[PDB]
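Data from work13.txt: compact mmCIF, C-alpha atoms and all ligand atoms
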```
# COMPACT_ATOMS: atom_id res chain seq x y z
CA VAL A 445 -12.43 10.60 -24.97
CA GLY A 446 -11.80 11.82 -28.48
CA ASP A 447 -10.08 8.72 -29.88
CA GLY A 448 -10.92 5.80 -27.59
CA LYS A 449 -7.53 4.91 -26.11
CA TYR A 450 -6.43 4.60 -22.50
CA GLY A 451 -3.06 5.85 -23.69
CA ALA A 452 0.53 6.10 -22.52
CA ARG A 453 3.73 8.00 -23.25
CA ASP A 454 4.36 8.00 -27.01
CA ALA A 455 7.31 6.47 -28.91
CA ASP A 456 9.98 8.52 -27.13
CA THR A 457 8.51 11.74 -28.53
CA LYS A 458 7.29 12.35 -24.94
CA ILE A 459 3.88 13.50 -26.11
CA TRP A 460 0.99 11.80 -24.32
CA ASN A 461 -1.85 10.20 -26.28
CA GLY A 462 -5.42 9.44 -25.26
CA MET A 463 -7.04 10.14 -21.92
CA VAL A 464 -3.79 10.80 -20.05
CA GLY A 465 -2.91 13.31 -22.76
CA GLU A 466 -6.34 14.90 -22.39
CA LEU A 467 -5.61 15.37 -18.69
CA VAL A 468 -2.00 16.57 -18.96
CA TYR A 469 -2.83 19.12 -21.68
CA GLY A 470 -5.87 20.42 -19.79
CA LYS A 471 -8.71 19.14 -21.96
CA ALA A 472 -10.69 17.82 -18.98
CA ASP A 473 -10.66 18.25 -15.23
CA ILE A 474 -11.08 14.72 -13.83
CA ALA A 475 -11.01 11.16 -15.19
CA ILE A 476 -13.47 8.47 -14.10
CA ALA A 477 -12.33 5.31 -15.86
CA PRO A 478 -10.50 1.97 -15.36
CA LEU A 479 -7.17 3.81 -15.49
CA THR A 480 -4.49 1.51 -14.07
CA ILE A 481 -2.02 2.96 -11.58
CA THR A 482 1.50 2.85 -13.02
CA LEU A 483 4.81 4.45 -12.10
CA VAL A 484 4.93 6.53 -15.29
CA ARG A 485 1.40 7.88 -14.84
CA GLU A 486 2.12 8.94 -11.25
CA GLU A 487 4.68 11.33 -12.78
CA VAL A 488 2.02 13.75 -14.01
CA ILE A 489 -1.29 12.91 -12.31
CA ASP A 490 -2.47 12.01 -8.81
CA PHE A 491 -4.35 8.80 -8.00
CA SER A 492 -6.61 8.03 -5.07
CA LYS A 493 -6.27 4.85 -3.08
CA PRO A 494 -7.46 1.96 -5.28
CA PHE A 495 -11.11 0.97 -5.49
CA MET A 496 -10.54 -2.50 -7.00
CA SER A 497 -7.86 -5.16 -7.48
CA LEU A 498 -7.17 -7.26 -10.58
CA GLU B 391 24.50 14.87 8.34
CA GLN B 392 22.71 11.56 7.81
CA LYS B 393 20.30 10.90 10.65
CA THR B 394 19.74 7.33 11.72
CA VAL B 395 15.99 7.49 11.17
CA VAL B 396 13.83 6.15 14.01
CA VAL B 397 11.97 3.23 12.44
CA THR B 398 9.12 1.79 14.51
CA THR B 399 7.58 -1.66 14.06
CA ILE B 400 6.07 -4.60 15.97
CA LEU B 401 7.24 -8.19 16.38
CA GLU B 402 5.15 -10.70 14.44
CA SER B 403 6.03 -13.83 12.48
CA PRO B 404 7.28 -13.87 9.77
CA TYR B 405 7.25 -10.07 9.46
CA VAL B 406 9.66 -9.33 12.33
CA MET B 407 11.13 -11.95 14.67
CA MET B 408 13.94 -12.17 17.20
CA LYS B 409 16.70 -14.24 15.63
CA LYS B 410 17.57 -17.20 17.84
CA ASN B 411 21.03 -15.72 18.53
CA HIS B 412 19.51 -12.53 20.00
CA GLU B 413 21.36 -13.30 23.26
CA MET B 414 24.63 -12.92 21.31
CA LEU B 415 23.88 -10.15 18.78
CA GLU B 416 23.47 -6.38 18.89
CA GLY B 417 22.01 -3.74 16.62
CA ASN B 418 19.56 -4.47 13.83
CA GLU B 419 21.10 -7.95 13.39
CA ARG B 420 18.79 -9.23 16.14
CA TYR B 421 15.83 -8.54 13.81
CA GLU B 422 15.04 -10.38 10.59
CA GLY B 423 11.91 -10.96 8.56
CA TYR B 424 9.87 -9.82 5.59
CA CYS B 425 9.38 -6.32 6.99
CA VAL B 426 13.08 -6.04 7.86
CA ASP B 427 14.05 -6.92 4.28
CA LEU B 428 11.47 -4.40 3.03
CA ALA B 429 12.89 -1.74 5.36
CA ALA B 430 16.39 -2.51 4.07
CA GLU B 431 15.21 -2.17 0.46
CA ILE B 432 13.39 1.10 1.16
CA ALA B 433 16.39 2.60 2.96
CA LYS B 434 18.77 1.42 0.22
CA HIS B 435 16.61 3.08 -2.43
CA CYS B 436 16.18 6.31 -0.46
CA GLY B 437 19.82 6.23 0.64
CA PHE B 438 19.79 6.67 4.43
CA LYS B 439 20.78 4.84 7.59
CA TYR B 440 18.08 3.59 9.95
CA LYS B 441 17.68 2.25 13.48
CA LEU B 442 14.91 -0.16 14.43
CA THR B 443 12.61 0.48 17.40
CA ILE B 444 9.67 -1.48 18.78
CA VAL B 445 6.18 -0.35 19.80
CA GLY B 446 5.73 0.32 23.50
CA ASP B 447 2.31 -1.10 24.34
CA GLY B 448 2.32 -3.86 21.69
CA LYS B 449 -0.92 -2.71 20.05
CA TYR B 450 -1.97 -1.32 16.70
CA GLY B 451 -4.92 0.32 18.45
CA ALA B 452 -6.84 3.49 17.69
CA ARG B 453 -7.87 6.69 19.43
CA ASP B 454 -9.39 6.01 22.85
CA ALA B 455 -13.17 6.32 23.11
CA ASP B 456 -14.53 9.73 24.19
CA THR B 457 -10.96 11.07 24.63
CA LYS B 458 -9.45 10.57 21.14
CA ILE B 459 -6.02 10.12 22.71
CA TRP B 460 -3.97 8.24 20.13
CA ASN B 461 -1.77 5.32 21.15
CA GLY B 462 -0.12 2.25 19.64
CA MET B 463 1.74 2.35 16.33
CA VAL B 464 -0.44 5.31 15.36
CA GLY B 465 0.22 7.15 18.61
CA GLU B 466 3.99 6.86 18.26
CA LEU B 467 3.84 8.71 14.93
CA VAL B 468 1.17 11.22 16.01
CA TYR B 469 3.36 12.22 18.97
CA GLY B 470 6.46 12.28 16.76
CA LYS B 471 8.41 9.59 18.60
CA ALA B 472 9.53 8.05 15.30
CA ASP B 473 10.10 8.90 11.64
CA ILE B 474 8.46 6.04 9.71
CA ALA B 475 6.43 2.90 10.39
CA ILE B 476 6.81 -0.42 8.56
CA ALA B 477 4.32 -2.91 9.96
CA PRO B 478 1.20 -4.94 9.06
CA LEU B 479 -0.82 -1.75 9.54
CA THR B 480 -4.17 -1.87 7.76
CA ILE B 481 -5.26 1.21 5.83
CA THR B 482 -8.43 2.62 7.41
CA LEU B 483 -10.41 5.85 7.29
CA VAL B 484 -9.63 6.81 10.89
CA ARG B 485 -5.90 6.26 10.36
CA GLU B 486 -5.95 8.29 7.13
CA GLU B 487 -7.24 11.18 9.26
CA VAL B 488 -3.82 11.73 10.83
CA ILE B 489 -1.18 9.72 8.95
CA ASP B 490 -0.44 9.21 5.26
CA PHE B 491 -0.13 5.81 3.58
CA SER B 492 1.69 4.58 0.51
CA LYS B 493 -0.05 2.76 -2.29
CA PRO B 494 -0.98 -0.71 -0.98
CA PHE B 495 1.76 -3.33 -1.26
CA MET B 496 -0.34 -6.35 -0.21
CA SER B 497 -4.02 -7.32 -0.10
CA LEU B 498 -5.90 -9.45 2.42
CA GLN C 714 2.72 -23.63 6.33
CA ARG C 715 4.14 -24.98 9.60
CA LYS C 716 3.84 -28.11 11.71
CA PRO C 717 1.79 -29.61 13.28
CA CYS C 718 -0.87 -28.45 10.77
CA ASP C 719 -3.57 -29.42 13.26
CA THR C 720 -5.74 -26.51 12.08
CA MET C 721 -7.16 -25.38 8.74
CA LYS C 722 -8.80 -22.42 7.03
CA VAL C 723 -12.40 -22.47 5.77
CA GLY C 724 -14.60 -20.36 3.53
CA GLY C 725 -13.98 -17.32 1.36
CA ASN C 726 -12.88 -13.80 2.25
CA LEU C 727 -15.47 -11.48 3.79
CA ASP C 728 -13.80 -8.35 2.38
CA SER C 729 -10.57 -6.99 0.93
CA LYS C 730 -8.15 -4.43 2.36
CA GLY C 731 -4.53 -3.43 1.94
CA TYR C 732 -1.44 -2.83 4.02
CA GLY C 733 0.79 0.15 3.38
CA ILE C 734 3.86 2.04 4.47
CA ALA C 735 2.84 4.86 6.81
CA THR C 736 4.47 8.20 7.64
CA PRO C 737 3.62 11.24 9.77
CA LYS C 738 1.43 13.59 7.76
CA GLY C 739 3.17 15.65 5.09
CA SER C 740 6.72 14.63 6.01
CA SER C 741 9.29 14.83 3.21
CA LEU C 742 9.90 11.07 3.38
CA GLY C 743 6.40 10.23 2.18
CA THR C 744 6.69 10.81 -1.57
CA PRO C 745 10.09 9.10 -2.13
CA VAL C 746 8.93 6.21 0.06
CA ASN C 747 5.82 5.92 -2.12
CA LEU C 748 7.94 6.00 -5.29
CA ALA C 749 10.20 3.30 -3.82
CA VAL C 750 7.17 1.14 -3.01
CA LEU C 751 5.89 1.59 -6.56
CA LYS C 752 9.26 0.65 -8.06
CA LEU C 753 9.60 -2.41 -5.82
CA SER C 754 6.08 -3.51 -6.81
CA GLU C 755 7.00 -3.08 -10.47
CA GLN C 756 10.20 -5.12 -10.01
CA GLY C 757 8.36 -7.88 -8.15
CA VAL C 758 10.78 -7.97 -5.21
CA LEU C 759 7.79 -8.08 -2.85
CA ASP C 760 6.66 -11.33 -4.48
CA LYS C 761 10.13 -12.89 -4.29
CA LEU C 762 10.26 -12.04 -0.58
CA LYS C 763 6.71 -13.40 -0.22
CA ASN C 764 7.81 -16.74 -1.65
CA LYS C 765 10.96 -16.55 0.50
CA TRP C 766 9.01 -16.16 3.73
CA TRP C 767 5.87 -18.26 3.09
CA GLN D 714 -20.40 -14.69 -16.35
CA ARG D 715 -22.96 -13.44 -18.89
CA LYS D 716 -24.36 -14.89 -22.10
CA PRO D 717 -22.97 -16.28 -24.42
CA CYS D 718 -20.69 -17.76 -21.67
CA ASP D 719 -18.88 -19.63 -24.46
CA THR D 720 -15.22 -18.99 -23.53
CA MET D 721 -13.29 -20.65 -20.71
CA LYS D 722 -11.03 -18.90 -18.21
CA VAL D 723 -7.61 -20.49 -17.72
CA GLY D 724 -5.02 -19.81 -15.02
CA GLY D 725 -4.94 -17.30 -12.18
CA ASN D 726 -3.80 -13.71 -11.88
CA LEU D 727 -0.19 -13.22 -12.96
CA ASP D 728 0.16 -10.05 -10.86
CA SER D 729 -1.92 -7.48 -8.97
CA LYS D 730 -2.78 -3.86 -9.75
CA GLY D 731 -5.61 -1.43 -9.11
CA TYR D 732 -7.61 1.41 -10.63
CA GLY D 733 -8.04 4.87 -9.19
CA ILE D 734 -9.80 8.14 -9.82
CA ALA D 735 -7.18 10.51 -11.21
CA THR D 736 -6.96 14.26 -11.70
CA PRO D 737 -4.47 16.83 -13.02
CA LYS D 738 -1.86 17.83 -10.45
CA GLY D 739 -3.48 21.25 -10.31
CA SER D 740 -6.44 21.06 -7.95
CA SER D 741 -7.23 20.61 -4.26
CA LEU D 742 -9.83 17.84 -4.65
CA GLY D 743 -7.29 15.02 -4.31
CA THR D 744 -8.06 14.80 -0.58
CA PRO D 745 -11.90 14.94 -0.57
CA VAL D 746 -12.01 12.48 -3.47
CA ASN D 747 -9.81 10.12 -1.45
CA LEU D 748 -12.08 10.50 1.58
CA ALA D 749 -15.11 9.87 -0.66
CA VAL D 750 -13.64 6.69 -2.15
CA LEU D 751 -12.70 5.44 1.32
CA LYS D 752 -16.19 6.22 2.65
CA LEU D 753 -17.81 4.35 -0.26
CA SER D 754 -15.45 1.41 0.28
CA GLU D 755 -16.23 1.24 4.01
CA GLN D 756 -20.00 1.69 3.59
CA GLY D 757 -20.01 -1.28 1.21
CA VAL D 758 -21.53 0.63 -1.72
CA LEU D 759 -18.89 -0.96 -3.95
CA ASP D 760 -20.22 -4.40 -3.00
CA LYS D 761 -23.79 -3.36 -3.84
CA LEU D 762 -22.53 -1.95 -7.15
CA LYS D 763 -20.35 -4.98 -7.96
CA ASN D 764 -23.29 -7.29 -7.15
CA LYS D 765 -25.39 -5.20 -9.54
CA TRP D 766 -23.43 -5.61 -12.79
CA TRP D 767 -21.31 -8.79 -12.62
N1 LIG A 801 -7.20 -0.40 -17.14
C1 LIG A 801 -6.15 -0.57 -18.13
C2 LIG A 801 -6.74 -0.82 -19.51
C3 LIG A 801 -5.82 -1.53 -20.49
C4 LIG A 801 -5.25 -2.83 -19.95
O1 LIG A 801 -4.23 -2.79 -19.22
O2 LIG A 801 -5.82 -3.90 -20.25
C5 LIG A 801 -5.23 0.65 -18.15
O3 LIG A 801 -5.56 1.69 -17.57
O4 LIG A 801 -4.16 0.62 -18.75
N1 LIG A 802 -3.59 -5.03 10.18
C1 LIG A 802 -4.43 -4.78 11.35
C2 LIG A 802 -4.00 -5.66 12.52
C3 LIG A 802 -5.04 -5.84 13.62
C4 LIG A 802 -6.37 -6.36 13.11
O1 LIG A 802 -7.17 -5.57 12.58
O2 LIG A 802 -6.62 -7.58 13.24
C5 LIG A 802 -4.38 -3.31 11.74
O3 LIG A 802 -3.56 -2.55 11.23
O4 LIG A 802 -5.16 -2.84 12.57
```
Output the file's structure in the form of structure tokens.
Ligand SMILES: N[C@@H](CCC(=O)O)C(=O)O
Ligand SMILES: N[C@@H](CCC(=O)O)C(=O)O
Amino acid sequence: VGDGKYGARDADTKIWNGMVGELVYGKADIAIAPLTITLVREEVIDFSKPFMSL
Amino acid sequence: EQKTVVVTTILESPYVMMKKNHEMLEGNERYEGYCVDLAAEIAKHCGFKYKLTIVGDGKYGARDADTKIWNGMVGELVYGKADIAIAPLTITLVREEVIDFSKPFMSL
Amino acid sequence: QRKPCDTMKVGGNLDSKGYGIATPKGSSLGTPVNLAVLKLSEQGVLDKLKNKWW
Amino acid sequence: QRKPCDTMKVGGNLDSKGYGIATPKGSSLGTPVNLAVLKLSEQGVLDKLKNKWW
């Protein structure tokens, strides 16, 4: 990932930074990372059933 | 029109239990428990009415060996007897073959 | 949690699995039910009810 | 769990969440990836992998 951030929705500019942004804007086809399931991320990407709990 | 959705479940403490006044109560009021509160919350968020129903054979079960006839809580949904299931139903590969599951709400 | 407490657990867990809300395949209830489950897990209502009933 | 082992953990988990493989909402692989992750979880390959690196 170009800038080393897991990333989230920005400061109400509604641009996405980091890996989520790289997915939403079509920079890569699939993420394989410790990306935590959250209700805002489910808005724009699909998650499998979890592989680990923490 | 709002359908009263056919909820299916199974009695088990403390998930779903007959309230000790069940001889003197009617409707969903006979049922209380963790899964009944969860069903109430889910319906209140989705905004529909619901009617509780109980599994026929009392089993979670699977598809029968060498026949693959579904039964139990899975069978009721596979044959379309009910709309939604809210029960201590463990997520498994065979059950994911035929029915969809939410994200997991509890771990064990 | 309940009397007579004549019996006790031993050892650690052999595995880990999850429960979930289940729906007939592809029905229009599935996705709003999933979003409701996510929101309730983010609000912590499931934990309050867990304390309530255990 | 690995050298220098000089910190100390305090407290338990305050919540529970999980990770998942995630993809743009633009591709069919969301089902076979789910089936793959379930197969790996049931075959115990996650336990072999967890007991390889922790
Ligand atoms: N796995 C976490 C990393 C950051 C954290 O929550 O500690 C995530 O996807 O957000
Ligand atoms: N949660 C289990 C109950 C029965 C069991 O495996 O002990 C299931 O859905 O099958």
What are the residues of chain D that have an atom within 8 Å of an atom of chain A, counting only C-alpha atoms, as a PyMOL selection string? chain D and resi 726+728-738+743+746-747+750-751+754
Output as a tab-separated table one row per residue of chain B within 10 Å of chain D: the closest atom pair and its distance in Å to one decimal place, counting only C-alpha atoms, sorted by chain and residue number ascending.
```
residue	atom	partner	partner_atom	distance
B:481	CA	D:751	CA	9.7
B:482	CA	D:751	CA	8.0
B:483	CA	D:751	CA	6.4
B:486	CA	D:748	CA	8.6
B:487	CA	D:748	CA	9.1
B:493	CA	D:731	CA	9.7
B:494	CA	D:731	CA	9.4
B:495	CA	D:729	CA	9.5
B:496	CA	D:729	CA	9.0
B:497	CA	D:729	CA	9.1
```
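Coordinates place atom CA of residue B:449 at a distance of 10.0 Å from atom CA of residue B:465.
Between chain D and its sequence-identical counterpart chain C, the C-alpha RMSD after optimal superposition is 1.0 Å.
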Could you list, as number ranges by chain, all the residues within 6 Å of ligand LIG 802 (chain A), counting all atoms listed in the file? B: 450, 478-480
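Picture a line from atom CA of residue B:402 to atom CA of residue C:744; it runs 26.9 Å.
Here the question is which of A:455, A:463, A:483, A:450 gets nearest to chain B using only C-alpha atoms, and that residue is A:483.
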